[PDB]
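Participant: First the structure, then my questions, so here it is.
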Amino acid sequence: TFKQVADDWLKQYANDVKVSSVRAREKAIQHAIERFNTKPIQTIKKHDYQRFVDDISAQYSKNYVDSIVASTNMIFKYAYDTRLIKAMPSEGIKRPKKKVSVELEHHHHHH
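Just add 66 to the spot in the sequence shown (first one is 1) and you have our numbering.
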């Protein structure tokens with residue numbers, strides 16, 4: 067029944083956003099629902115959640131990954147708030163430092 071709940075929620079989100087983003091994001095979100103079709107949303111653990119994020123990262127660009135993560139988190143929180151599921155897997159995930167430095171400015175050298 068997650069597909070129906072996610073499908074209903076996705077339609078409301080499409081209220082204000084790029085159509086291409088919704089179609090592309092829906093494809094990634096829909097793929098996760100079909101993949102976890104035998105695995106209930108309330109049975110999803112933090113480990114599997116990270117696996118999904120890394121799975122789409124190798125299939126989608128970083129910009130698209132952010133939208134999928136937010137949509138997935140918003141959909142998960144929506145079902146939890148409706149007391150339809152008894153779980154909230156997502157918190158406890160952090161990665162301090164260990165990040166690649168950004169050169170931001172392309173000038174680099176200066177005088």
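Every residue, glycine too, gets a C-beta built ideally from N, C-alpha and C.
1) Would you say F68 and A153 are within 9 Å of each other, going by their C-beta atoms?
2) Looking at the secondary structure, which residues open and close the beta strand (DSSP E) in which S167 lies?
3) Could you check how far apart the C-beta atoms of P155 and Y130 are, in whole angstroms? I think they sit under 8 Å.
4) Over what stretch of residues does the alpha helix (DSSP H) that includes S137 continue unbroken?
5) Touch check for the region 95-111 and the region 68-80: three-plus C-beta pairs under 8 Å?
6) Out of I107, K164, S123, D132, which has the shortest C-alpha to C-alpha gap to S87?
7) Measure how close the beta-carbons of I141 and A72 come, nearest whole angstrom, since I'm counting them as under 8 Å.
8) Quick one: is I159 buried, meaning 16 or more other Cβ sit within 10 Å of its Cβ, or exposed?
9) May I have the straight-line CA-CA distance separating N81 from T148, to the nearest angstrom?
10) How many angstroms separate the CA atom of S127 from the CA atom of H176?
Facilitator: According to the structure data:
1) What you label residue 68 is simply residue 2 of the sequence shown in a count that begins at 1. What you label residue 153 is simply residue 87 of the sequence shown in a count that begins at 1. No; because the gap between Cβ atoms is not below 9 Å, this pair is not in contact.
2) To locate residue 167, count along the sequence shown from 1; it is residue 101. Premise fails: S167 is in no beta strand (DSSP E) and is neither H nor E.
3) If you number the sequence shown from 1, residue 155 lands on position 89. If you number the sequence shown from 1, residue 130 lands on position 64. With 8 Å as the limit, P155 and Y130 do not qualify as a contact, their Cβ atoms being about 22 Å apart.
4) Counted from its first residue, the sequence shown places residue 137 at position 71. From DSSP, the alpha helix (DSSP H) with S137 extends over 128-147.
5) yes
6) Indexing the sequence shown from 1 puts residue 87 at position 21. Ranking the options by Cα distance to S87, first place goes to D132.
7) Walking along the sequence shown from the start, residue 141 turns up at place 75. Walking along the sequence shown from the start, residue 72 turns up at place 6. Sure, about 5 Å apart at Cβ, within 8 Å.
8) Translated into positions along the sequence shown, residue 159 becomes position 93. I159 comes out exposed.
9) Taking the sequence shown and counting its residues from 1, one reaches residue 81 at position 15. Taking the sequence shown and counting its residues from 1, one reaches residue 148 at position 82. So the alpha carbons of these two residues sit roughly 21 Å apart.
10) Indexing the sequence shown from 1 puts residue 127 at position 61. Indexing the sequence shown from 1 puts residue 176 at position 110. Distance between the alpha carbons of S127 and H176: 32 Å.
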